[PDB]
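Asks: sequence first, structure after, both from an experimental entry:
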Amino acid sequence: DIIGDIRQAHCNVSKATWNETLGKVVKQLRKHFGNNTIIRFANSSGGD
Amino acid sequence: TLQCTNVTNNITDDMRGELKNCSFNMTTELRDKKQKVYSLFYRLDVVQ
Amino acid sequence: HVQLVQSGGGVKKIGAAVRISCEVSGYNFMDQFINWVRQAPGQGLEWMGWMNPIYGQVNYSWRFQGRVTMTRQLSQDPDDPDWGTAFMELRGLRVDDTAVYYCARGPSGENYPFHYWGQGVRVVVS
Amino acid sequence: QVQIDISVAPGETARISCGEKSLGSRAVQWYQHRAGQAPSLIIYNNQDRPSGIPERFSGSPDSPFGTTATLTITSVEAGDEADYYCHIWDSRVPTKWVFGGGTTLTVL
Amino acid sequence: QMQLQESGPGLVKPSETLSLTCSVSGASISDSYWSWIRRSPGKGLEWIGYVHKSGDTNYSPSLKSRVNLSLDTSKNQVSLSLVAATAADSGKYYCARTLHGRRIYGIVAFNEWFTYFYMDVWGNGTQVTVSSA
Ligand SMILES: *[C@@H]1O[C@H](CO)[C@@H](O[C@@H]2O[C@H](CO)[C@@H](O[C@@H]3O[C@H](CO[C@H]4O[C@H](CO[C@H]5O[C@H](CO)[C@@H](O)[C@H](O)[C@@H]5O)[C@@H](O)[C@H](O[C@H]5O[C@H](CO)[C@@H](O)[C@H](O)[C@@H]5O)[C@@H]4O)[C@@H](O)[C@H](O[C@H]4O[C@H](CO)[C@@H](O)[C@H](O)[C@@H]4O[C@H]4O[C@H](CO)[C@@H](O)[C@H](O)[C@@H]4O[C@H]4O[C@H](CO)[C@@H](O)[C@H](O)[C@@H]4O)[C@@H]3O)[C@H](O)[C@H]2NC(C)=O)[C@H](O)[C@H]1NC(C)=O
Ligand SMILES: *[C@@H]1O[C@H](CO)[C@@H](O[C@@H]2O[C@H](CO)[C@@H](O[C@@H]3O[C@H](CO)[C@@H](O)[C@H](O)[C@@H]3O)[C@H](O)[C@H]2NC(C)=O)[C@H](O)[C@H]1NC(C)=O
Ligand SMILES: *[C@@H]1O[C@H](CO)[C@@H](O[C@@H]2O[C@H](CO)[C@@H](O)[C@H](O)[C@H]2NC(C)=O)[C@H](O)[C@H]1NC(C)=O
Ligand SMILES: *[C@@H]1O[C@H](CO)[C@@H](O[C@@H]2O[C@H](CO)[C@@H](O)[C@H](O)[C@H]2NC(C)=O)[C@H](O)[C@H]1NC(C)=O
Ligand SMILES: *[C@@H]1O[C@H](CO)[C@@H](O)[C@H](O)[C@H]1NC(C)=O
Ligand SMILES: *[C@@H]1O[C@H](CO)[C@@H](O)[C@H](O)[C@H]1NC(C)=O
């Protein structure tokens, strides 16, 4: 029997660190595709 | 065959019951007798 | 050998879903990504994405995102573990995609470029 | 519901119970009813109480488990004779529209 | 500091509406929620329903189609109306003031909380007796 409260298991990531890291990744990816280009991420689009 | 129902939670329409309360039969040490036991399963462990 | 077949073409009214099946055997099905290539009459080939049957990975084009589902079915029993079926469900199609669809694949260990091709299911819209 | 008769000796505390303990986070309600006068609340949250009413009364905080909502009447007074009713808000088990089983407190 | 005046004849023939009006004197109708309570012999007082600020009232599941509530802004009062009354709904009626409640136990972004309503100011009550004679 489940005792106490019922909630949804969750994850947290610190926003400033995450955004800065994604900025660094963008900076380093722009070298392999030319300086002036646009990069946009998007969540997974299917599968198991 | 698990005869199973929903946990008596205060769920909404969208927030599906993530715990299913399922009862079924099992064979004890004495091979002649069969007992009825209940348990809880997550929604991704039961197919109709 | 390398056996691959298609099924489920035809003509459909606008606003319905077209199912196209590609059934493959003769090789281990875990590897060898399926590549779904569409050929529109009067023009050279165009590519609409690919699928990977290890975990149903998909990778679409810049046009079909939100209109296609590249599903799969593996073999449940270990009796014939190399009988795979890649399904493509196309939805809400405009009148301007009467074409022929092929389920190509690639060499042993890679995916580019396509060697084997399919007889091709032809789909028309009325 | 049932007007169960409970009496408390003056100068000693009393403990009143509300049945059907729930199994989650709760928001308790406790109201009184005195004949011939306007009923008013006594407890609106487990550890938060309305102004005006003297400090003598208190309620059980259900932050740990196994702590049923028990109404504690400290420094009882001859004017405390009334009917005490419970309205339980409960998280897992659904909303209780009807108030819980009441109690009748009389001063001896 | 609001005094709620309950006006009700207290007598209605069977299979007819039992209408009572709780007029508002001390305060304005749009200050907090209005709820209604019915006390009858044999059971404790019952919280029969309430009225939202935007007129989106809620009733108990037992009598959702048997009783109705209305709020009027021209006259500072609330109105309650039983439909097809029988001899078992007689007793005492109270119009009461109710305050919004918001206790959080999970994560707000994922819902996980409940809205509880309680009582802080009651009316002096009205007595209704429904019978053939
Ligand atoms: C990942 O990220 C997500 C981001 O969303 C995280 O999600 C958060 O997760 C936490 C817990 O994991 C949730 O905490 C609950 O929050 C609700 C909402 O309250 C918020 O707002 C309050 C505002 O209060 C005002 O007054 C206080 C004075 O009390 C003042 O200090 C404050 O500045 C403000 O002005 C905040 O106070 C409150 O912070 C609280 O957090 C502490 C956590 O442990 C808590 O202990 C502190 O007391 C502090 O107040 C919060 O920001 C809270 O209501 C809730 O706490 C109540 O419910 C639990 C569960 O039942 C109960 O145990 C608590 O005791 C408390 O219940 C009190 O009040 C009831 C009112 O009726 C009463 O009935 C109870 O008896 C109890 O009263 C007594 O409490 C103490 C107990 O010792 C006692 O000393 C008092 O005197 C009193 O008598 C939870 O804390 C967040 O809601 C949730 N979301 C967000 C957006 O934060 C997630 O956690 C992250 N996960 C990971 C792994 O990183
Ligand atoms: C990746 O992110 C996209 C962001 O748009 C997600 O798309 C959204 O997905 C949700 C849930 O699948 C869709 O809600 C559904 O909408 C349909 C409408 O036909 C409705 O029938 C369902 O009951 C449900 O409400 C939402 O519409 C959709 N939005 C768009 C613009 O496509 C996608 O789900 C994310 N995928 C993953 C794997 O996280
Ligand atoms: C899962 O279903 C079983 C059905 O046997 C529940 O068991 C009974 O549930 C009722 C309903 O509250 C209780 O009054 C009984 O005391 C329970 N009996 C036993 C032996 O536990 C069980 O409670 C259900 N699970 C949950 C979480 O509600
Ligand atoms: C567990 O076994 C018991 C008996 O051993 C089952 O009870 C009956 O099972 C038959 C099927 O053989 C049904 O036709 C009857 O309706 C059952 N009785 C009742 C009162 O329902 C029981 O169904 C089995 N399963 C569970 C979950 O208890
Ligand atoms: C992420 O970091 C970059 C660093 O230059 C900054 O310009 C941008 O505003 C940040 N994004 C957010 C949402 O804070
Ligand atoms: C429990 O979950 C099922 C999921 O299909 C839902 O239909 C049902 O309304 C929920 N509640 C109850 C009491 O069964």
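Replies: Received, thanks. Residues are numbered from 1 along each chain as shown, chains lettered A, B, ... in the order given. Ligands and ions are numbered 1, 2, ... in the order given.

Asks: buried set for stretch D:56-70?
Replies: Residues of stretch D:56-70 classed as buried under the neighbour-count rule (16 or more other C-beta atoms under 10 Å in any protein chain shown) are D:57, D:58, D:59, D:60, D:62, D:69. No exception for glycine: its C-beta is placed from N, CA and C like everyone else's.

Asks: let's have the residues you listed in a markdown table, adding secondary structure.
Replies: A markdown table is the format used below for those (DSSP: H, G, I helix; E, B strand; the rest coil):
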| residue | secondary structure |
| --- | --- |
| D:57 | strand |
| D:58 | strand |
| D:59 | strand |
| D:60 | coil |
| D:62 | coil |
| D:69 | coil |
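
Asks: against residue C:114, how distant is residue C:107?
Replies: Between residue C:107 and residue C:114 the distance is 9 Å, computed by C-beta to C-beta, to the nearest Å.

Asks: so those two - more neighbours on which side?
Replies: Per other C-beta atoms under 10 Å in any protein chain shown, whichever of residue C:107 and residue C:114 has more neighbours is residue C:114, with 15 against 12.

Asks: quick one, phi/psi of that one?
Replies: Main-chain dihedrals, residue C:114, degrees, to the nearest 10: phi -70, psi 130.

Asks: got it, and residue C:102?
Replies: For residue C:102, the backbone dihedrals (degrees, to the nearest 10) come out as phi -120, psi 150.

Asks: returning to that earlier point: check the buried residues of stretch D:56-70 and tell me the two furthest apart.
Replies: Set against one another by C-beta to C-beta, these have their most distant pair in D:57 and D:62, with a gap of 16.9 Å.

Asks: measure residue C:33 to chain E for me?
Replies: Remark: distance between residue C:33 and chain E (C-beta to the nearest C-beta, to the nearest Å) = 37 Å.

Asks: these two touch, right, that residue and residue C:106?
Replies: Yes - proximity of residue C:33 to residue C:106 meets the contact threshold set by C-beta atoms under 8 Å, at 6.7 Å.

Asks: measure how buried residue A:11 is and give me the count.
Replies: Neighbourhood size, residue A:11 [other C-beta under 10 Å]: 4.

Asks: what segments of chain A are helices?
Replies: In chain order, chain A shows helices spanning A:15-29, with DSSP state H as the criterion.

Asks: for the residue of chain A found nearest chain E, which non-adjacent residue is closest in space?
Replies: In chain A, the residue that lies nearest chain E is residue A:7 (4.5 Å; C-beta to the nearest C-beta). Once flanking residues are discounted, residue A:7 sits nearest to residue E:106: 4.5 Å by C-beta to C-beta, 6 or more residues apart in numbering or on different chains.

Asks: now do the same contact list for the one you found.
Replies: By C-beta atoms under 8 Å, 6 or more residues apart in numbering or on different chains, residue E:106 lies in contact with A:5, A:7, A:8, E:112, E:113.

Asks: the same query, at a cut-off of 10 Å, please.
Replies: Under the criterion of C-beta atoms under 10 Å, 6 or more residues apart in numbering or on different chains, the contact partners of residue E:106 comprise A:5, A:6, A:7, A:8, A:10, D:25, D:91, E:112, E:113.

Asks: joint contacts of residue C:33 and residue C:106?
Replies: When contacts are counted by C-beta under 10 Å, 6+ apart, residue C:33 and residue C:106 are jointly contacted by C:50, C:112.

Asks: what helix or strand does the most centrally placed residue in chain B sit in?
Replies: Most central residue of chain B, judged by C-alpha distance to the mean C-alpha position with C-alpha atoms, centre = their mean, is residue B:22 at 1.2 Å. Secondary structure from DSSP states H and E places residue B:22 in strand B:19-27.

Asks: what about the closest residue to residue D:60 other than its chain neighbours, distance to residue D:79?
Replies: Counting by C-beta to C-beta, 6+ apart, residue D:70 is the residue found nearest to residue D:60 once chain neighbours are left out, at 4.3 Å. In this structure, residue D:70 and residue D:79 are 22 Å apart, going by C-beta to C-beta.

Asks: so how far is the strand or helix carrying residue C:36 off the chain centroid?
Replies: Assigned by DSSP H and E, residue C:36 belongs to strand C:34-39. The gap between the average C-alpha position of strand C:34-39 and the chain average comes to 6 Å, counting by C-alpha atoms, centre = their mean, to the nearest Å.

Asks: quick check on residue D:80: phi, psi?
Replies: Dihedral pair for residue D:80: phi -80, psi -10, per degrees, to the nearest 10.

Asks: typo on my end, residue D:70
Replies: Per degrees, to the nearest 10, the backbone of residue D:70 is at phi -120, psi 130.
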